[PDB]
Amino acid sequence: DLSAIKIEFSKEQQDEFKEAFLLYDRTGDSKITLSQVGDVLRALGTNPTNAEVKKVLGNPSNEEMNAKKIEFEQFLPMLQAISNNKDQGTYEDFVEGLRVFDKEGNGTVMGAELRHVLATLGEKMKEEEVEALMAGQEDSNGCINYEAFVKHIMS
Amino acid sequence: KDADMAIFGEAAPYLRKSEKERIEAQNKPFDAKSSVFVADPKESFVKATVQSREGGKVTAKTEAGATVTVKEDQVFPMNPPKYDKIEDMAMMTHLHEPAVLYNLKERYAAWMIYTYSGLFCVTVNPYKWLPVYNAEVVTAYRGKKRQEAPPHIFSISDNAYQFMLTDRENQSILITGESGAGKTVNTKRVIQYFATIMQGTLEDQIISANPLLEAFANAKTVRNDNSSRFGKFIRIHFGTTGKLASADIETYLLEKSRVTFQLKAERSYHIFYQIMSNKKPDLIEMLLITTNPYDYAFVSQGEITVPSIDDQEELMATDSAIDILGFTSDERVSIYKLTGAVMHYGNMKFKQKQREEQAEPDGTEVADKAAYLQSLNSXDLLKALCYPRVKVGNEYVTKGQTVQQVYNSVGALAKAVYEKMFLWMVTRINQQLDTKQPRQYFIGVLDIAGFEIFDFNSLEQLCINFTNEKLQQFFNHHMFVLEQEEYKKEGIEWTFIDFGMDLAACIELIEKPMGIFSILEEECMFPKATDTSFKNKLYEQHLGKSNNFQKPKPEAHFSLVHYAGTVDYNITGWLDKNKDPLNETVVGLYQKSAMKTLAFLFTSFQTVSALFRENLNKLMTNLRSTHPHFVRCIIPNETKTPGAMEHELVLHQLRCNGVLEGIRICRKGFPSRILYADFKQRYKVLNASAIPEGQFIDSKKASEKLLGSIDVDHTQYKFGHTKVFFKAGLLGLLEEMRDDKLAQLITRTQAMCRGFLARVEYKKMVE
Ligand SMILES: Cc1cc2c(s1)N=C1N(c3ccc(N4CCOCC4)cc3)CC[C@@]1(O)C2=O
Ligand SMILES: Nc1ncnc2c1ncn2[C@@H]1O[C@H](COP(=O)(O)OP(=O)(O)O)[C@@H](O)[C@H]1O
Ligand code: VO4
Ligand SMILES: [Mg+2]
């Protein structure tokens, strides 16, 4: 499974990923806890779901995420597998998904409607995480241009 | 998806089977060549396992362990377990009588009373209240497409509403069935659905209009304890956006005869028994009556009590409906008082004067009560009955009246007061429902009196059964004629098929000139005409000349072969029933009454049946200009027993309704059609890259490109001029893919958000 992953990243890329991975080391053992794996995969440019992250780690329990650690050499093929699993979602696919909540005609969904979707549907996001995404997004009256919101998260 | 059904609450197990049962059905083994239905003398059809096939016969062992042998033509293929309790019978691999019978039977056994049949819905009466009509269920059905939710009357209502906005067209919901099938209950549920979504608001008033009219127009019959004795068409008006603006009720002929006559096993209108139930003792006092119905001749000729009805609780419901509807205190009193006067009229006695045939009162005590209730002088009332005026401007020239003529006139007056009061209540309800809001479209719900066969069938039963025939023919024309023309109109390749669903033979016999009503109406204009001369004319030009007009073999005068069975009719008093004469001298007293409501009731065709035919013709014409939605009600047994199903009775109903024929046209045709603009708008989500924003492709071309880019059977759809037509089930598949794609895009948008936040945090770590 991880042994079967062939590494495609260039030598230069691998060294940069190691430097980035080590910024997450909080104890000086050159390792990160499994709970930080998602943040490092994302920092490096991938957009895996929490389900995809759990799947590469070999579906560990919620306790094993906080207690078990990982070395760069073991994380590297995981990053390759996530990168190969090409997170298919195109810009137009995301605006069509959000267009469903229009209610009105214009290209704008309401403030609390988008918050409810991100925090209660799919892979439920934390309240504080949703607030961070709304970084000056709601216009006056309390509405968000969903087309502009998709560009913002994809930036 | 037991999580998806949690929105229905306690109703979930009654609308759709558990996810565990669905998974068990998917994994249940099945040998297609040995699992069969076999024709049975006792049960009509039974499930069985083939033991031997030889010499053109099949020996099979039934579920009950019995061994049965039939010819190969009486063996029907069984559908596999995944099709058990299927929500749309047009989706079964095999469509035949046992398959439809057993699907309805098995769904009914789990208390799932609604089932789709292609373009229409079938419902089998549970005779018990199920928790499928809660406010929580109304909420759960709002906005859902027919494929998105279990079959239900609420889904038919919502779907009709959706069609109204998308096609900018008036809709109608036509609920079919014989007496006691469930038309009134389903009509009230349609009203409940649209209303939910001191004097009350328009919503409370639409709901309350029914219990009031049911007190005065519904009665216990051998086939139904709450039989509708009048038909109604309720229009629910909506504005351009789709806001509930107004409503109106139209009622057709009320069965006036029931006010003064009842067969042995039936009652008169509920109201009489509700009043005498003594729940409101003040009403007894006000009306000058007793609590014993036997004391009133007009309303005690049959039954008096009904085990299923609490006449006390129903009086509270009637009185409460009058309050919500906003009738004045005086109007409310007048309603009860006039009802009381009707009861008293029946008890008035008359006798011949000595050496004469002329009538004269046989005591005046009863007449005194009735005149008090009507605010009339009792001596004037009795003189007008016995000595009516010949001319208008002359009170001295009067005609005599025999005792029988007076009794007949008294009956006619009591019926006229009752009927006119019933029509005035409808007028009043309509004034309350007319909010004066702007209205663009409407959804009409039709609730007629259903097909009935009694031991004695009179002119009332002929008109009721004819109305049912006309409505069955409306379903036939819509399903098997207009539907095929719709394919040709849209340019779809279609070769016409003759389904042989046409009731013109019986309809012509009844309504064509020189038909039954034409002969009856013709005989009404001859004062020398008798019941026998009418019977003779009917025989002379219809017996042996029309296959639907027969003589009864084993009393009745003629038999008609209706769509739902052969009915024996009796023509006694049809000439008298078809004319509406009143004592004009008594009418003059009502017009001068101090009781403002009675004076108002008495301040265009030559016969009653001509008016009936015109009301019927106007209704059918109106329905033609709407998009109809059919609900076919079915009684499972003839004993009001919850859960019990007599196989031959159900099969009989399925056959005469044309249920299997209707499913066949939905299987051969394209029962689902979407406008290109609406298709592109709804299903772009499935493959947004197929229709990129940069191209300025029109709605029709975008739909072609989109359907051609997804994993769908490309033979299950055809392109019309303005709409894409789908074979049954394709919309369900597109809807299922849409639900999946929208779920994935939310998690993928969340994954992007998670990525974004992790990369902004990573950017801070770098600095
Ligand atoms: C579109 C229509 C619906 C519809 C019509 S019409 N007609 C009706 N009913 C009726 C018809 C005729 C007579 N009459 C005709 C004259 O000789 C006596 C019986 C009495 C009642 C009783 C039930 C009913 O309202 C109904 O359901
Ligand atoms: N959906 C239903 N749920 C429960 N009972 C029903 C339902 N539909 C009909 N019934 C039973 O059948 C009776 C007669 O139904 P109703 O609609 O009045 O028949 P009709 O079509 O003659 O009006 C009801 O009073 C009730 O006892
Ligand atoms: O009892 V019915 O509403 O079918 O006339
Ligand atoms: Mg009814």
# chains A, B, ... in the order shown; residues from 1 in each chain; ligands from 1

call {"tool": "interface_residues", "arguments": {"of": "chain B", "to": "chain A", "cutoff": "12 Å", "atoms": "only C-alpha atoms", "output": "MDAnalysis selection string"}}
result
chainID B and resid 680:694 738:767

call {"tool": "closest_atom_pairs", "arguments": {"of": "chain B", "to": "ligand 3", "cutoff": "6 Å", "atoms": "only C-alpha atoms and all ligand atoms", "output": "JSON lines"}}
result
{"residue": "B:178", "atom": "CA", "partner": "ligand 3", "partner_atom_place_in_ligand_line": "4 (O)", "distance": 5.0}
{"residue": "B:179", "atom": "CA", "partner": "ligand 3", "partner_atom_place_in_ligand_line": "4 (O)", "distance": 2.9}
{"residue": "B:180", "atom": "CA", "partner": "ligand 3", "partner_atom_place_in_ligand_line": "1 (O)", "distance": 4.7}
{"residue": "B:184", "atom": "CA", "partner": "ligand 3", "partner_atom_place_in_ligand_line": "3 (O)", "distance": 5.8}
{"residue": "B:224", "atom": "CA", "partner": "ligand 3", "partner_atom_place_in_ligand_line": "1 (O)", "distance": 5.1}
{"residue": "B:227", "atom": "CA", "partner": "ligand 3", "partner_atom_place_in_ligand_line": "1 (O)", "distance": 3.2}
{"residue": "B:228", "atom": "CA", "partner": "ligand 3", "partner_atom_place_in_ligand_line": "3 (O)", "distance": 3.9}
{"residue": "B:229", "atom": "CA", "partner": "ligand 3", "partner_atom_place_in_ligand_line": "5 (O)", "distance": 5.8}
{"residue": "B:449", "atom": "CA", "partner": "ligand 3", "partner_atom_place_in_ligand_line": "5 (O)", "distance": 3.1}
{"residue": "B:450", "atom": "CA", "partner": "ligand 3", "partner_atom_place_in_ligand_line": "4 (O)", "distance": 3.1}

call {"tool": "write_last_selection", "arguments": {"atoms": "N, CA, C and O atoms", "output": "tab-separated table (two decimals), in the first residue's frame"}}
result
chain	number	residue	atom	x	y	z
B	178	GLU	N	-65.64	4.90	-6.10
B	178	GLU	CA	-67.02	4.58	-5.81
B	178	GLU	C	-67.37	5.10	-4.41
B	178	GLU	O	-66.48	5.56	-3.70
B	179	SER	N	-68.65	5.07	-4.00
B	179	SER	CA	-69.05	5.56	-2.69
B	179	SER	C	-68.22	4.93	-1.54
B	179	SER	O	-68.07	3.71	-1.47
B	180	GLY	N	-67.61	5.78	-0.73
B	180	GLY	CA	-66.83	5.35	0.42
B	180	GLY	C	-65.36	5.09	0.20
B	180	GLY	O	-64.67	4.70	1.15
B	184	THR	N	-63.56	12.39	-0.38
B	184	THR	CA	-63.71	13.52	0.53
B	184	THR	C	-62.50	13.67	1.44
B	184	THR	O	-61.99	14.77	1.57
B	224	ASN	N	-71.44	4.26	2.82
B	224	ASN	CA	-70.58	5.22	3.52
B	224	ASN	C	-71.34	5.94	4.64
B	224	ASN	O	-72.43	6.43	4.40
B	227	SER	N	-71.41	9.90	3.61
B	227	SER	CA	-71.55	10.05	2.17
B	227	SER	C	-71.81	11.49	1.69
B	227	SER	O	-72.76	12.10	2.15
B	228	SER	N	-71.02	11.99	0.71
B	228	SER	CA	-71.25	13.31	0.13
B	228	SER	C	-72.50	13.23	-0.74
B	228	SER	O	-72.53	12.41	-1.66
B	229	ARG	N	-73.54	14.04	-0.46
B	229	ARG	CA	-74.76	14.04	-1.30
B	229	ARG	C	-74.84	15.25	-2.24
B	229	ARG	O	-75.92	15.57	-2.73
B	449	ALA	N	-69.95	13.06	-5.76
B	449	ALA	CA	-70.51	11.89	-5.10
B	449	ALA	C	-70.13	10.70	-6.00
B	449	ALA	O	-70.28	10.78	-7.22
B	450	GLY	N	-69.57	9.66	-5.39
B	450	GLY	CA	-69.07	8.49	-6.10
B	450	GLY	C	-70.11	7.49	-6.54
B	450	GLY	O	-71.22	7.48	-6.01

call {"tool": "residues_near_ligand", "arguments": {"ligand": "ligand 1", "cutoff": "9 Å", "atoms": "only C-alpha atoms and all ligand atoms", "output": "ChimeraX atom specification"}}
result
/B:228-233,251-257,446-450,458-468,574-580,607-620

call {"tool": "residues_around", "arguments": {"residues": "residue 357 of chain B", "least_positions_apart": "6", "cutoff": "10 Å", "atoms": "only C-alpha atoms", "output": "ChimeraX atom specification"}}
result
/B:351,400-404

call {"tool": "write_last_selection", "arguments": {"atoms": "C-alpha atoms", "output": "PDB file, in the first residue's frame"}}
result
ATOM      1  CA  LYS B 351    -107.651  16.359   6.471  1.00  0.00           C
ATOM      2  CA  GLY B 400    -108.408  24.403  -4.272  1.00  0.00           C
ATOM      3  CA  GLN B 401    -105.939  21.756  -3.055  1.00  0.00           C
ATOM      4  CA  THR B 402    -106.561  18.139  -2.094  1.00  0.00           C
ATOM      5  CA  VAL B 403    -104.843  16.649   1.047  1.00  0.00           C
ATOM      6  CA  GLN B 404    -102.236  14.879  -1.116  1.00  0.00           C
TER       7      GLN B 404
END

call {"tool": "closest_residue", "arguments": {"among": "B:312, B:347, B:125, B:334", "to": "ligand 2", "atoms": "only C-alpha atoms and all ligand atoms"}}
result
B:125

call {"tool": "atom_distance", "arguments": {"atom1": "atom CA of residue 8 of chain B", "atom2": "atom CA of residue 158 of chain B"}}
result
15.8 Å

call {"tool": "residues_near_ligand", "arguments": {"ligand": "ligand 2", "cutoff": "9 Å", "atoms": "only C-alpha atoms and all ligand atoms", "output": "PyMOL selection string"}}
result
chain B and resi 113+123-130+132-133+175-189+218+223-228+308+447-451+633-635+640+642

call {"tool": "select_by_dssp", "arguments": {"residues": "segment 162-408 of chain B", "states": "alpha helix (DSSP H)", "output": "PyMOL selection string"}}
result
chain B and resi 162-167+183-196+202-217+270-276+281-287+311-324+329-345+365-373+378-386+403-408

call {"tool": "residues_around", "arguments": {"residues": "residue 110 of chain A", "least_positions_apart": "5", "cutoff": "7 Å", "atoms": "only C-alpha atoms", "output": "PyMOL selection string"}}
result
chain A and resi 142-144

call {"tool": "write_last_selection", "arguments": {"atoms": "N, CA and C atoms", "output": "compact mmCIF listing (two decimals), in the first residue's frame"}}
result
# COMPACT_ATOMS: atom_id res chain seq x y z
N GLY A 142 -26.23 41.66 4.64
CA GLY A 142 -25.81 40.32 5.02
C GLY A 142 -25.88 39.27 3.94
N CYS A 143 -25.29 39.54 2.77
CA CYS A 143 -25.31 38.63 1.63
C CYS A 143 -23.89 38.40 1.10
N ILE A 144 -23.63 37.26 0.44
CA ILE A 144 -22.30 36.98 -0.12
C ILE A 144 -22.40 36.63 -1.60

call {"tool": "closest_residue", "arguments": {"among": "B:68, B:433, B:198, B:359", "to": "residue 236 of chain B", "atoms": "only C-alpha atoms"}}
result
B:433

call {"tool": "select_by_dssp", "arguments": {"residues": "segment 33-150 of chain A", "states": "strand (DSSP E or B)", "output": "list in words"}}
result
residues 33, 69, 70, 71, 109, 110, 143 and 144 of chain A

call {"tool": "residues_around", "arguments": {"residues": "residue 581 of chain B", "least_positions_apart": "5", "cutoff": "10 Å", "atoms": "only C-alpha atoms", "output": "PyMOL selection string"}}
result
chain B and resi 409+412-413+416+576

call {"tool": "residues_around", "arguments": {"residues": "residue 141 of chain B", "least_positions_apart": "4", "cutoff": "8 Å", "atoms": "only C-alpha atoms", "output": "list in words"}}
result
residues 137, 149, 154, 155 and 158 of chain B

call {"tool": "residues_around", "arguments": {"residues": "segment 532-537 of chain B", "least_positions_apart": "4", "cutoff": "7 Å", "atoms": "only C-alpha atoms", "output": "list in words"}}
result
residues 520, 523 and 541 of chain B

call {"tool": "closest_residue", "arguments": {"among": "A:81, A:148, A:37, A:56", "to": "residue 69 of chain A", "atoms": "only C-alpha atoms"}}
result
A:37

call {"tool": "closest_residue", "arguments": {"among": "A:151, A:53, A:138, A:26", "to": "residue 83 of chain A", "atoms": "only C-alpha atoms"}}
result
A:53
